[PDB]
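Examining the three-dimensional arrangement
One letter stands for each residue in the lines below.
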Amino acid sequence: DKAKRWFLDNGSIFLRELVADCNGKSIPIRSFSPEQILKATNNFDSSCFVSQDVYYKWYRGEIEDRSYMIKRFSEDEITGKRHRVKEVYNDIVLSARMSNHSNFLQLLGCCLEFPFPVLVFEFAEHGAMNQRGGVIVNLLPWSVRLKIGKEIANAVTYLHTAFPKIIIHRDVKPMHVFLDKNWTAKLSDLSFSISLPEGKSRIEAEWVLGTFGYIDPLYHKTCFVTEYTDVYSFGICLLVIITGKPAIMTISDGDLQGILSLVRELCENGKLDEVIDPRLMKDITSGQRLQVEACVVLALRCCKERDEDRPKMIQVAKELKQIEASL
Amino acid sequence: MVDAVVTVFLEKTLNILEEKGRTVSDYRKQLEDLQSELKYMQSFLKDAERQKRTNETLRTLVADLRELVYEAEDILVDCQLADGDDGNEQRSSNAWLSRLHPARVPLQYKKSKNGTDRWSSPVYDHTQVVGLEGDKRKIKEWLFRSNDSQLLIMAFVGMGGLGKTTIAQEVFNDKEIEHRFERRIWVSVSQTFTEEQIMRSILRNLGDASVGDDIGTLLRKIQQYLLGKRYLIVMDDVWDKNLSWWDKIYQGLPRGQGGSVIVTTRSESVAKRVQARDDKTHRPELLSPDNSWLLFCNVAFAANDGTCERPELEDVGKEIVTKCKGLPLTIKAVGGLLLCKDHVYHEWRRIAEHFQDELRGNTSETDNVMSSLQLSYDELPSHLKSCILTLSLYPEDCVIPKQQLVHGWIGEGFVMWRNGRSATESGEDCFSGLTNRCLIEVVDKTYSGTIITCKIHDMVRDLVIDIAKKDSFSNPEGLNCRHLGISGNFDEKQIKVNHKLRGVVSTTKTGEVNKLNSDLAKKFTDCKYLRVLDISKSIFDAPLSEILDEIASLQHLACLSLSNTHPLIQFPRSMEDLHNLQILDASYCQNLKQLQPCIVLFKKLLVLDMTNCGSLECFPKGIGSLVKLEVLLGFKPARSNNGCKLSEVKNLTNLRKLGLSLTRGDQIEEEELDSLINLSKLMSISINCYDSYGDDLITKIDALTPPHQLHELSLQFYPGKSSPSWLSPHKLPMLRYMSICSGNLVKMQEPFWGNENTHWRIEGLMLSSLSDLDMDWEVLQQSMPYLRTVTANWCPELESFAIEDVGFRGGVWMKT
Amino acid sequence: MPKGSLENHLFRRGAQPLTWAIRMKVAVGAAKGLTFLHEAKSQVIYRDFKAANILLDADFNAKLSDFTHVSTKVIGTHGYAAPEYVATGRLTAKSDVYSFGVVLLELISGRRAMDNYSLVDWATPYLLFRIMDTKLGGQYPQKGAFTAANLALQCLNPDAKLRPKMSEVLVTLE
């Protein structure tokens, strides 16, 4: 077949971008077979599907005595766009370089005989987080929500600071944060990032982009990306978790429910005993209602329209760790 | 440079004369009376080499002597693998015996008056002023003399556009001018000016906008509120414009108080062409006779901390430094040259005259620096005198890795060994001597302090380019060269097979890949004697198994290494009948579906490195059958009745570094758990437990005891939650370095510390990116009394540590 | 190509001193067209409101011409768009009158929303106090400037429920 030239060409450009990012000093990627991955996925459509997005579909699968999380890419939606293929190889190589953390989804390799490199990861047990919580047939407690918060926070700080040249991926949603057996929040699909060059912390992103609702409208109206373009949208990645209300919220009429506007008006109207995802309210609410108040005031502080009032990712992760002190 | 080829020839004959296999042969008598008069030649070939300078009559024939030595070496290595009628060499040996002596006799008065260097063993790290920060006090003194002058202009002219701009950021954030002082501006004006970031940038730190506006109103807007107050200005990259326009800017700002502008350029249009408060244009490249000579002693002596314990030598040191008049890397090069001898005054005066006569006829500003270091070059020991000049085969400031050129050296034989100290203890030794002589400098270290990448300077790389030009060494624009090196799209002329061609090395500026077609792959095996071969950072449009299937005809290989190369699905099937191949390395190469069995059927190789290769059939069977394996890392112990094992490595003794991955249950075997207690000189092990699901693995690896002697322990993924219950002072006394990369572990059991009478006695520690650790720093001190430093960069729940944010940013924390 | 856009005249380099108080009448003609283009029909939302989407005819007439989840934002690439449009995405007439308010701010001010802090963030603080523009020397004496600015502040509301309709904003301008 033409699987061999698939493998040769995409391995060529994969190695080129691999060494261009990190000097050819990779992490031990292993290779899988087409037969192995097709017997894992059972020809790509079943209940083994978990999550949809624009480019990629997150499946379950099973190689010999070992289940896995699998990600393919859309063949039809990518191949006519040079910026999209330059994007998707940045995705796979930056995730492959990103395996050196225990809060990111560890990469385990990729198969290359396809139009695009479908790739395996570490098997998280529970499925993809939806826009509220778990997706398998069941609700999840409160302390695990706080753990999800702090681990999302320090993972994004790693993305912000861990290098000479810093990278920004423009969208943190609860549709991405996968979740294991031992209830850790392994973020994944570092897949809309740009690497802005050395020293300067402000560059003109020529495409404003990424998951409407979490846009930070100052960036949307000024068309350049900053440090703070993630520290906004992490806030309404936290608010979504702690109220359980999706971003495109409707009440019987034309979805006109701005989440920030509702919580900001309810801050001085309902006085904070209304924002706590009410089906959770069989919680004991002993002192953790105060830490609920602390994280909602952190979220509304980190999302206002004057960016220099916003803390950085390091500050929000540090005090998000600090509000563990109810123990 | 022929002192290198005669020395490697003499050691090669000394090693090959003890074969004792062919006796009725006059060439086995001829080697002794090659060796004897070669020893006689080695009396005076150093003076012959330095007399080749400025005398054309010596280089007309000594190059033919050199290629004669080269072809004699090639035919004697041809005599090694003969296995038959090797009698067609004796008349040729008689021929060049008759050819040698008419070069021997005319050299009878040109002097008329041991490949082991001795100083390569102590490495001294003479970058103590490299990283120039010794100018802060005098720059601060220049800041303090603003009001004593009228309007200070601090022109750092001369060198510029090279990266010196970090000499002023410590002035930007010092202590004295941040309390009683107002603030200081910053500009970023490169060779582009754009008429928008010149004079508006010094105001836009207060809120000036980018509106279409003339020069005049902002010039009367900025510089007004400065009645008797100290202030700082900066400028960068001046030319004629913003010098015939800046004259109303800097005289448009007020006076009577000082006012210090600092200009940092490569051009010199401000320090001299207007000459206004440029009485401090005395740049630290030039120094006083007691600003330069003390650091010259710090470089050259460096053993009693840069002192003249014989003050007789102070006079010749003073006369040398006043002849080179204090230009920095010249005194650095002659300092690194003057490490070795330090014995007696007459050789110092001899090399002082060697400095004197070459500077007697140069007469320029930049030929002095060039020819000052060439006399440092030819006064090396002989064996490394050609290994220094291989890194002329590189671009201008690429950051060269050690595991390319050291492997190339030990491949084609520039390093020699006879007695125990085999491979890396010699190669790193001669490289460390070369960096003692200040030719090659470190760029990056590790936690442990081993060296990785090293760079050169421009005004020595042009010199060694010239030495390569005048000795038929490289630059194949002109075919007759020694050995080739390829970088990005440069042999698209397809530089053909010459027979000289000792080897080839890929080179790369850390961030590119030289693509290459399939035709030059055939042009590789078109050659015959290609001792070193490495095509590292390159990609091909054809797999290597079908394009490197013409290699078994060669047989004169010591070095191949195919690291970071994608179309290498299978190692070549024709790797049966070749026997030397001293090193092999496919480092970080990900797609190797099998490792061929027949590679175990030769008993000579030294380095076997298959590191971080996940997809693998993980070894053949009989890998304990070799004896001379000293670093073999990336082991992957195989399955039960499959491949290699762990017990069968017990047949080895020679190891220094190994590395192994542990995934399933059946890599290790329960009776093989004690297979590595009695290894003698094994020095530094490695473990990367990356894909580790099976929970029995932590339960059953925990009694794999190492040898008690070891130097660098590095286990790096390690899926267990506790320590492996053998890391202890009770089990291993003389470790020095320890590193734990990304793991999930929780805590360590108490025999890890074991501090009744038993302590770790290690020196460097790394705990890099591991999220579930909980220890105390004072417990670490009171359990380990010796630490140079301990680095850690991504590890929360560890705020007991001393570095300022242990979760996020790595403080190194050396011990003072 | 009748005259180019308004940005060809309002934001052009050099100086380009265009007119006296007739660009307000150009805006009245633009909104007068827009009212029956987008309200008197079945339903039409303009979706692309922009200074470069407002043109000039030969008598300086602003006839508007030539106008499902997308992750790349195209609608309103700058401060023309709306804070409620950033949240919901539902194209209404409030977004159209909001962009109408900011183009009123452009035609009375002569500034855009770029950084060297933006248009609303400077003008809505700057509130008597009609000393914002200096491109024309006779910028003040049209005398309807403060009531026109109050009309623009009424159009630029953060909430969508005190929304001024495009019909009722016309007769308050004349």
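Each chain's residues are numbered sequentially from 1 according to the written sequence, a convention that need not reproduce the entry's numbering, and residues without coordinates are excluded. Starting at A for chains and at 1 for ligands, labels are handed out in the order in which the entities are written. In computing side-chain properties, one takes all heavy atoms of the structure into account and sets aside hydrogens as well as water.

By the method listed in its record, cryo-EM, this PDB entry was determined to a resolution of 4.25 Å.

1. Observations regarding the overall build of chain A
Our working rule: Under the scheme used here, helices are H or I runs from DSSP no shorter than 4 residues and strands are E runs no shorter than 2 residues, and both carry numbers assigned from the N terminus. Just to be clear, the radius of gyration here is over C-alpha atoms, and the globule rule we use is 2.2 Å times residues to the power 0.38. Burial classes follow relative accessibility: with a 1.4 Å probe on protein chains only, a residue under 20% of its type's maximum area counts as buried, one over 50% as exposed, and anything between as partly exposed. With residues, only the protein chains shown are counted as cover, and all accessible areas are computed by Shrake-Rupley using a 1.4 Å probe.
The secondary structure content of chain A amounts to 11 helices and 10 strands. Compactness check: chain A gives a C-alpha radius of gyration of 20 Å against a globular reference of 20 Å for 327 residues, within 12% of the reference. The C-alpha extent of chain A, read off along each of the three principal axes, is 65 × 45 × 45 Å. Put simply, chain A has 327 residues, and 54% of those count as buried. Surface exposure of chain A reaches about 15,200 Å², of which carbon and sulfur atoms provide 55%.

2. A closer look at the sheet that holds strand β4 (residues 400–401) of chain B
Residue and element names in this part refer to chain B. Cut-off, in case you're wondering: By the convention used here, strands pair only if DSSP detects at least 2 bridges between them.
The strand order β4-β6-β5 describes an open sheet built from three strands, whose pairing is antiparallel. Among the strands making up the open sheet, the edge pair consists of β4 and β5 (441–442). Where β4 meets strand β6 (residues 453–455), two bridges bridge the pair, whose relative direction is antiparallel. Looking at the pairing, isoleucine 400 lines up with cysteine 454 of β6.

3. Things to note about the environment of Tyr46(C)
Residue and element names in this part refer to chain C. Test applied: Residue contacts follow a heavy-atom distance rule, with two residues in contact if any of their heavy atoms lie within 4.5 Å. Polar contacts, as counted here, are pairs of nitrogen or oxygen atoms within 3.5 Å of one another; within protein the pair requires one atom able to donate a hydrogen and one able to accept it, and residues that are adjacent in sequence qualify only if both atoms are side-chain atoms.
Assignment of secondary structure puts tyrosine 46 in the loop between α1 (23–38) and α2 (83–87). Linking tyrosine 46 and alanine 30, residues 16 residues apart in sequence, is a C-alpha distance of 13 Å. For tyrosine 46, the contacting residues outside a window of four places in its chain are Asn53, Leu64, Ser65, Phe67 and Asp96. There is a polar contact of 3.4 Å between the side chain of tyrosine 46 and the backbone oxygen of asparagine 53. A polar atom in the side chain of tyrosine 46 sits 2.6 Å from the backbone oxygen of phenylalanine 67.

4. Examining the packing of aromatic side chains
Residues and elements named next belong to chain B. Short version of the rule: Centre distance within 6.5 Å is the pairing criterion for rings of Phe, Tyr and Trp, where only the six-membered ring of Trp is used; planes under 30 degrees apart are then read as stacked, over 60 as edge-to-face, and the remainder as tilted.
Within this structure, the stated rule accounts for 29 aromatic pairs over all chains. Residues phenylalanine 619 and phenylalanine 635 carry aromatic rings whose centres are separated by 5.1 Å and whose planes lie at 80° to one another, so their mutual orientation is edge-to-face. Pair noted here: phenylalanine 619 is in the loop between β12 (607–609) and β13 (631–633) and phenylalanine 635 is in the loop between β13 and β14 (657–660), with a separation of 16 residues, a long-range link. A residue is classified by how much of its surface remains accessible, and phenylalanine 635, at 2% relative accessible area, is buried.

5. A closer look at the side chain of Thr41(A)
Residues and elements named next belong to chain A. Positionally, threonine 41 belongs in helix α2 (residues 34–41). Overall, the relative accessible area of 2% leaves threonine 41 in the buried class. Setting aside chain neighbours within four positions, we find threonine 41 in contact with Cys48, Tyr59 and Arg60.

6. Re the interface of chain B and chain A
We apply this condition: Here the quantity called buried area is the total loss of accessible area, with a 1.4 Å probe, experienced by two parts when brought into contact, counted for both. By definition here, a salt bridge exists when the distance from a side-chain nitrogen of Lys or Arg to a carboxyl oxygen of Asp or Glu is within 4 Å. When residues are grouped by polarity, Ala, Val, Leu, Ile, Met, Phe, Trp, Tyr, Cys and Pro land in nonpolar, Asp, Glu, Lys and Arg in charged, and all others, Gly among them, in polar.
Taken together, the 29 residues of chain B in the interface contact 33 residues of chain A. Together, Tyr690(B), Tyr693(B) and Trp794(B) form the three largest contributors to the area buried by chain B at its contact with chain A, with a combined 22%. Put simply, chain B and chain A have zero salt bridges between them. Here chain B and chain A share 11 residue pairs in polar contact between them. For the side of chain B that touches chain A, the residue count by class is nine nonpolar, 13 polar and seven charged.

7. Quick look at a nonpolar patch on the surface
Going by this rule: Like-charged residues within 9 Å of one another, or nonpolar side chains (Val, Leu, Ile, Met, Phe, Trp, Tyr) within 5 Å, are grouped into patches, provided each residue has over 30% relative accessible area and no salt bridge.
Side chains of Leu128(C), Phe129(C) and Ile131(C) sit close together on the surface and give an oily, nonpolar patch of about 380 Å² of accessible area. Along the chain, the position of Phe129(C) falls in the loop between α4 (119–123) and α5 (145–155).

8. So, the UniProt feature "binding site: ADP" in chain B
All names here are of chain B. Selection criterion: UniProt positions are given in the numbering used here, feature names are shortened, and annotations may be inferred rather than shown by experiment.
Per the UniProt record, "binding site: ADP" is found at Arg118, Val130, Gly158, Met159, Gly160, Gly161, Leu162, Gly163, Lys164, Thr165, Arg266 and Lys332. These annotated residues cover 215 residues of sequence, and their C-alpha atoms sit far apart, with the largest distance between any two at 42.3 Å. By the element assignment, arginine 118 lies in the loop between α6 (90–104) and α7 (136–144). Residues within four places of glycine 158 in sequence aside, it is in contact with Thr265, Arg266, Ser267 and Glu268.

9. Things to note about the UniProt feature "active site" in chain A
Residue and element names in this part refer to chain A. UniProt records the feature "active site" at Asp171, using the numbering of this structure. Mapped onto the elements, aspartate 171 comes out in the loop between β7 (167–169) and β8 (178–179). Judged by relative accessible area, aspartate 171 falls into the buried class, the value being 2%. Once you skip the residues sitting within four places of it in the chain, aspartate 171 turns out to touch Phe192, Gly210, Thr211, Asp230 and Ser233.

10. Let's talk about unusual backbone geometry
Residue and element names in this part refer to chain B. Phi is positive for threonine 54, close to 55°, though the residue is something other than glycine. Residue classification places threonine 54 among the exposed residues on the basis of a relative accessible area of 76%. Its identity as a non-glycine residue notwithstanding, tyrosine 588 has a phi of 60°, on the positive side. Structurally, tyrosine 588 can be placed in the loop between β11 (583–585) and β12. Taking relative accessible area as the criterion, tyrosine 588 reaches 18% and is therefore assigned buried.

11. Comments concerning the nonpolar core
All names here are of chain B. Convention followed: To form a nonpolar core, buried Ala, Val, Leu, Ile, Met, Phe, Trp, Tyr and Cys residues must be joined to one another through side-chain atoms within 4.5 Å.
Counting 97 residues, the largest nonpolar core has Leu632, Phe635 and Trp760 as its most contacted members. Setting aside its immediate chain neighbours within four residues, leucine 632 contacts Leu608, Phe619, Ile623, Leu655, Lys657, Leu658 and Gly659. One finds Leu58, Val69, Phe414 and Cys430 within the second-largest nonpolar core, a separate group that totals 60 residues.

12. Some details on the sheet that holds strand β2 (residues 232–236) of chain B
Residues and elements named next belong to chain B. The condition that has to hold: Axis lines are fitted to C-alpha atoms, over the contacting stretch for helices. Their N-to-C directions set the angle, which ranges from 0 to 180 degrees.
The strand order across the open sheet built from three strands is β1-β3-β2, with neighbouring strands paired in parallel fashion. Of all the strands in the sheet, just β1 (152–155) and β2 have a single pairing partner and so form its edges. For this sheet, the mean inter-axis angle between neighbouring strands, taken without regard to orientation, is 20°. Note that β2 and strand β3 (residues 260–264) share five bridges and pair parallel. Paired with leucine 232 across the strands is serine 260, a residue of β3.

13. Comments concerning the pattern of salt bridges
Residues and elements named next belong to chain B. Taken as a whole and judged by the stated rule, the model has 43 salt bridges over all chains. When the shortest N-O distance is used, the salt bridge between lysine 46 and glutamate 379 registers 2.7 Å. In this structure, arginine 145 engages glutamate 141 in a salt bridge whose closest nitrogen and oxygen atoms are separated by 3.6 Å. Assessed through its relative accessible area of 33%, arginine 145 is described here as partly exposed. Via salt bridges that share partners, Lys12, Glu73, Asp74 and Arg502 belong to a single interconnected network.

14. Considering the side chain of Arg50(B)
Residues and elements named next belong to chain B. Stated precisely, the cut-off is as follows: Positive charges come from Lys and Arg, negative ones from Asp and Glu, while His and the chain ends are left out of the count.
Of note, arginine 50 is situated in helix α4 (residues 45–52). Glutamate 379 is the oppositely charged side chain nearest to the buried, salt-bridge-free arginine 50, at an N-O distance of 4.1 Å. Reaching out from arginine 50, the side chain makes a polar contact with the side chain of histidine 354 at a distance of 3.0 Å. Each residue touching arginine 50, except ones within four places of it in the same chain, is listed here: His354, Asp378 and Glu379.

15. What to know about the pairing of strand β3 (residues 57–63) of chain A
Residues and elements named next belong to chain A. In this structure, strand β2 (residues 49–52) lies alongside β3, joined through three bridges in antiparallel fashion. Pairing of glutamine 52 across the sheet is with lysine 57, part of β3. Remark: four residues form the turn of the hairpin made by β2 and β3, two consecutive strands paired antiparallel. When β3 meets strand β4 (residues 66–71), the two strands line up antiparallel, connected through six bridges. In the sheet register, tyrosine 59 faces β4, and the bridge partner there is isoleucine 70. Linkage of β3 to β4, two consecutive antiparallel strands, is achieved through a turn of two residues, within which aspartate 65 is found at a positive phi near 45°.

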